[PDB]
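Reviewing the structure listed below.
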Protein chains: 2
Amino acid sequence: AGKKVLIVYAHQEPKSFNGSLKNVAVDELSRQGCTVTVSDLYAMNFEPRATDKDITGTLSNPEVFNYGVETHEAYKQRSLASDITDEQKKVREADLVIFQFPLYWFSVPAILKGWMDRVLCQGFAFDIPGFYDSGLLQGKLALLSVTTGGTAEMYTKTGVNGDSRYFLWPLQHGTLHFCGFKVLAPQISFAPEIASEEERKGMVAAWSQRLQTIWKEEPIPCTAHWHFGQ
Amino acid sequence: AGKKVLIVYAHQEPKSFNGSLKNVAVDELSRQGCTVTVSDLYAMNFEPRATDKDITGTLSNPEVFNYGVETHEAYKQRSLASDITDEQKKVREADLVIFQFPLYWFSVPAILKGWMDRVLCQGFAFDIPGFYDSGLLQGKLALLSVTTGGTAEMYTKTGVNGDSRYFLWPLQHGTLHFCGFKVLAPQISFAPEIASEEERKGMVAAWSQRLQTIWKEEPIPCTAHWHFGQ
Ligand SMILES: Cc1cc2nc3c(=O)[nH]c(=O)nc-3n(C[C@H](O)[C@H](O)[C@H](O)COP(=O)(O)OP(=O)(O)OC[C@H]3O[C@@H](n4cnc5c(N)ncnc54)[C@H](O)[C@@H]3O)c2cc1C
Ligand SMILES: Cc1cc2nc3c(=O)[nH]c(=O)nc-3n(C[C@H](O)[C@H](O)[C@H](O)COP(=O)(O)OP(=O)(O)OC[C@H]3O[C@@H](n4cnc5c(N)ncnc54)[C@H](O)[C@@H]3O)c2cc1C
Ligand SMILES: Oc1ccc(/C=C/c2cc(O)cc(O)c2)cc1
Ligand SMILES: Oc1ccc(/C=C/c2cc(O)cc(O)c2)cc1
Ligand SMILES: [Zn+2]
Ligand SMILES: [Zn+2]
């Protein structure tokens, strides 16, 4: 019983802290005997814009363009742009999808946001009905591995940035859970630029160490209480 | 004397509900005598990716590419790509920046995320000393005008999507407030696709009417309490 992993990676520099975290994941999961695939978005020059170029067939309404409607129809007819279907194939086969990225404005870098916007279309990732616990990617695991500029202290309730879980809401709930993913606890590597050489190596080792037993983990309760308490 | 407004618009279809909200804003603000500029991101084929092409000339460290450091240095040395500087000029001169967009995965469409990632660089929108209340864009007003697929009921504390204020956090606090923007109350037009014509017309009317007294509005207390508290 093997497992397949897709790492959607979003950093411009191979020598970056993000690059090291991505490589550590490939090394550890590969060592485990897992099947591993990496979508290096910047290297792929991945298209982030949601446009009519994403559909190649006859549009449902050539007069008024509705991205959601056209992509849902294109998915069912198999007339979506190939770059989108290539990503869907990787996701469809994956047991676990890891997103590796530096936090950009309390969210994912635009190139990765584009991957989410374009790859997770209706018909593929969810249906209406067929979302949240009934999402089409149910049975699959998702995990956000994020790096930040701000420190852990800043990312606390009384901190200037608020608790780190607050900014995970759109990603974990609005996106991943909506599509049916079981969400594993996020891996947040706080302020590596401020950290020391030892601290940086420590965060990298902690990630690799966690991956050793990632398949034994339970997903988080992706609810408002988990994210905001109250 | 007078007021300058920049509308950053992110929708592919001019006939869309978003297009109508953008047009009503232009009409009303223009009628008031305001100076109005619109950045139609899709029509501009606006680049969302944060890459080394955002720096003209030669990089400060061609060994290891650090987007944040490179763009900060480029800003101070007047070596940023023209598409970025064109947007910065519009923002610098604006008294109010309205973002008009459909909610994509509890956030902004990737093309607009790209505008935020690339236009709001260090040195321009903020600096080590000036962030949040001390943000470099202080004195300026920002307003998020968003449309959703989900209904208002769904966007409640106990609703499947959670309170709408939950998804505003990354945008209003992590981005706008961080840059010094005084954040005006968001304009949320819930599920125009489900609503009836009478309701749609009502939503557009409320927007136009709100615009009549926008200069009399006081900014919201962009705090964790406002977004998550009671
Ligand atoms: C547009 C934009 C928006 C942003 N928004 C936010 C935000 O909202 N909130 C926030 O907190 N931050 C934000 N940031 C900060 C951003 O998260 C950091 O700048 C980013 O993490 C820097 O690159 P990264 O790879 O960590 O680290 P670098 O790549 O910065 O790595 C840090 C250090 O780690 C060293 N290193 C690399 N690999 C190893 C290794 N294996 N062992 C030991 N050391 C190693 C590097 O050489 C380097 O000195 C934003 C940045 C940008 C550009
Ligand atoms: C990638 C993606 C991710 C998404 N993620 C989310 C999410 O996380 N959460 C969520 O809630 N939704 C989400 N959505 C739904 C999305 O927000 C809506 O589909 C979007 O708002 C639809 O277009 P819009 O312009 O409202 O409306 P249309 O453009 O859909 O407009 C609706 C109706 O308004 C009519 N209309 C236009 N102008 C006027 C006018 N002046 N007067 C009266 N009627 C008018 C139109 O003709 C149309 O019938 C997502 C969609 C996509 C494609
Ligand atoms: O080039 C850059 C562009 C933007 C940023 C933003 C950093 C930042 C750090 C925080 O702790 C909180 C926050 O909301 C934002 C850093 C570098
Ligand atoms: O092409 C598309 C891709 C994604 C979506 C998502 C819709 C959606 C609607 C909600 O009420 C909540 C949510 O978290 C997501 C719609 C169309
Ligand atoms: Zn959830
Ligand atoms: Zn705030």
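Lettering of chains follows the sequences in order, A, B, ..., and the numbering in each one begins at 1. The figures that follow rest on heavy atoms only: side chains count, while hydrogens, waters and symmetry mates do not.
Separation of the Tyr166(B) and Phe106(B) ring centroids does not fall under the 6.0 Å cut-off. Within the 6.0 Å centre-distance limit, the rings of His173(A) and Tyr132(A) are counted as a close aromatic pair.
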Derivation and outcome, side chain to side chain contact (heavy atoms under 4.5 Å, CB included), residues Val108(B) and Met116(B): CA-CA 10 Å; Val108(B) 292; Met116(B) 306 178 139; 4.2 Å; yes
Applying side chain to side chain contact (heavy atoms under 4.5 Å, CB included) to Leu136(B) and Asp127(B), what does each step give before you reach the verdict? CA-CA 7 Å; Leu136(B) 300 185; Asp127(B) 209 319; 4.3 Å; yes
Evaluate the criterion side chain to side chain contact (heavy atoms under 4.5 Å, CB included) for residue pair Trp105(A) and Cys179(B); output intermediate values, then yes/no. CA-CA 10 Å; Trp105(A) 295 126; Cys179(B) 293; 3.6 Å; yes
Hey, mind stepping through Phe46(B) and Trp115(B) against side chain to side chain contact (heavy atoms under 4.5 Å, CB included) and telling me if it holds? CA-CA 8 Å; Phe46(B) 193 79; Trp115(B) 184 97; 3.8 Å; yes
List the steps, then state whether salt bridge (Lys or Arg N to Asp or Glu O under 4.0 Å) holds for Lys90(A) with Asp86(A). CA-CA 7 Å; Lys90(A) 300 172 190 176; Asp86(A) 286 344; over 6 Å; no
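Under a 3.5 Å cut-off, the side chain of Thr148(B) and the backbone N or O of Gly150(B) do form a donor-acceptor pair. Of the possible donor and acceptor atoms, none in the side chain of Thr156(B) sits under 3.5 Å from a partner among the backbone N and O of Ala152(B). Panel note: side chain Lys140(A), backbone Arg92(A); a donor-acceptor pair is recorded below 3.5 Å. Of the possible donor and acceptor atoms, one in the side chain of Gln12(B) sits under 3.5 Å from a partner among the backbone N and O of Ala50(A). Judged by distance alone, with hydrogens and angles left aside, the side-chain atoms of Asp95(A) form a donor-acceptor pair with the main-chain N or O of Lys4(A) at under 3.5 Å. Within the 3.5 Å criterion, the main-chain N or O of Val119(A) finds a donor-acceptor partner in the side chain of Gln88(A). Distance alone, capped at 3.5 Å, is enough to place a donor-acceptor pair between the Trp207(A) side chain and the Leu21(A) backbone. Although no hydrogens or angles enter the test, the distance criterion places a donor-acceptor pair under 3.5 Å between the side chain of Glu199(A) and the main chain of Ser196(A). Judged by distance alone, with hydrogens and angles left aside, the side-chain atoms of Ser107(B) form no donor-acceptor pair with the main-chain N or O of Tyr104(B) at under 3.5 Å. Between the side chain of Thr71(A) and the backbone N or O of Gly68(A) there is at least one donor-acceptor pair closer than 3.5 Å.
A 4.5 Å side-chain heavy-atom check between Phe101(A) and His11(A) finds every atom pair outside the cut-off. Proximity of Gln230(A) to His225(A): side-chain heavy atoms (C-beta onward) are nowhere separated by under 4.5 Å. The closest side-chain heavy-atom distance from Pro186(B) to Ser145(B) is not below 4.5 Å. Looking only at side-chain heavy atoms (C-beta outward), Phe190(B) and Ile188(B) come within less than 4.5 Å of each other. Put simply, the side chain of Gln100(A) does not reach to within 4.5 Å of the side chain of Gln187(A), judged on heavy atoms. The shortest side-chain heavy-atom distance between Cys121(A) and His72(A) does not fall under the 4.5 Å cut-off. Looking at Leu141(B) and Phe181(B), their side chains never come closer than 4.5 Å, going by heavy atoms from C-beta outward. Within the 4.5 Å cutoff, the side chain of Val91(B) has heavy atoms near those of the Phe124(B) side chain.
Summarising the geometry of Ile194(B) relative to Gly149(B), their closest heavy-atom pair is CD1-O, 4.0 Å, with the distance given to 0.1 Å. Closest non-hydrogen pair, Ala185(A) versus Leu143(A), comes out as O-CG, 3.7 Å. Considering all non-hydrogen atoms of both residues, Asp117(B) and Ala110(A) come closest at OD2-N, 2.9 Å. Contact between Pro14(A) and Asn23(A) at its shortest, heavy atoms only, is O-ND2, 4.4 Å. Contact detail for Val24(A) and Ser208(A): the closest heavy-atom pair is CG1-CB, 3.1 Å. Residue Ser134(B) comes nearest to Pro129(B) through the heavy atom pair CB-O, 4.1 Å, listed as atom of the first residue, atom of the second, then distance.
For the pairing with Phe99(A), the side-chain contact (heavy atoms from CB on, under 4.5 Å) check across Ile7(A), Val8(A), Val146(A) returns one residue only, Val8(A).
For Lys182(A), the NZ atom counts as loosely surrounded, since its 6.0 Å shell holds 12 or fewer non-hydrogen atoms of other residues, nucleotides or ligands. More than 12 heavy-atom neighbours from other residues, nucleotides or ligands sit within 6.0 angstrom of NZ on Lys76(A). No more than 12 heavy atoms of other residues, nucleotides or ligands shown are found within 6.0 angstrom of CD on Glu153(B). More than 12 heavy atoms of other residues, nucleotides or ligands lie within 6.0 Å of CZ in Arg200(A), so this atom counts as buried by the packing criterion.
Atom CD of residue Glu87(A) and atom CG of residue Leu6(A) lie 7.0 Å apart, to the nearest 0.5 angstrom. For the atom pair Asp163(B) CG and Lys157(B) NZ, the distance stands at 8.0 Å (nearest 0.5 Å). Remark: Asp83(A) CG to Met44(A) CE distance equals 8.0 Å, nearest 0.5 Å. Note that CG of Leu103(A) is 10.0 Å distant from OG of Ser164(A), once rounded to the nearest 0.5 Å. Taking CD1 from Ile111(B) and CG from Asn45(B), the interatomic distance works out to 7.0 Å, rounded to the nearest 0.5 Å. For the atom pair CG of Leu137(A) and CZ of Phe178(A), the computed distance is 11.0 Å after rounding to the nearest 0.5 Å.
A cation-pi geometry, defined here as NZ or CZ lying under 6.0 Å from the six-membered ring centre and within 45° of its normal, holds between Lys22(A) and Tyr9(A).
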Side-chain donor-acceptor pairs of residues 52-65 of chain B under 3.5 Å, sequence neighbours excluded:
| from | atom 1 | to | atom 2 | distance (Å) |
| --- | --- | --- | --- | --- |
| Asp54(B) | OD1 | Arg118(B) | NH1 | 3.0 |
| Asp54(B) | OD2 | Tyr67(B) | OH | 2.7 |
| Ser60(B) | OG | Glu70(B) | OE1 | 3.1 |
| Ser60(B) | OG | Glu70(B) | OE2 | 2.7 |
| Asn61(B) | OD1 | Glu63(B) | N | 3.1 |
| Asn61(B) | OD1 | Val64(B) | N | 3.2 |

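One finds a salt bridge joining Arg49(A) and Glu47(A) here, because a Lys/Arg side-chain nitrogen approaches an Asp/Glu carboxylate oxygen to under 4.0 Å.
Side-chain contact of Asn18(B) with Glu13(B): a donor-acceptor pair under 3.5 Å is absent, judged by distance alone. Side-chain N/O atoms of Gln172(A) and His227(A) include a donor and acceptor closer than 3.5 Å.
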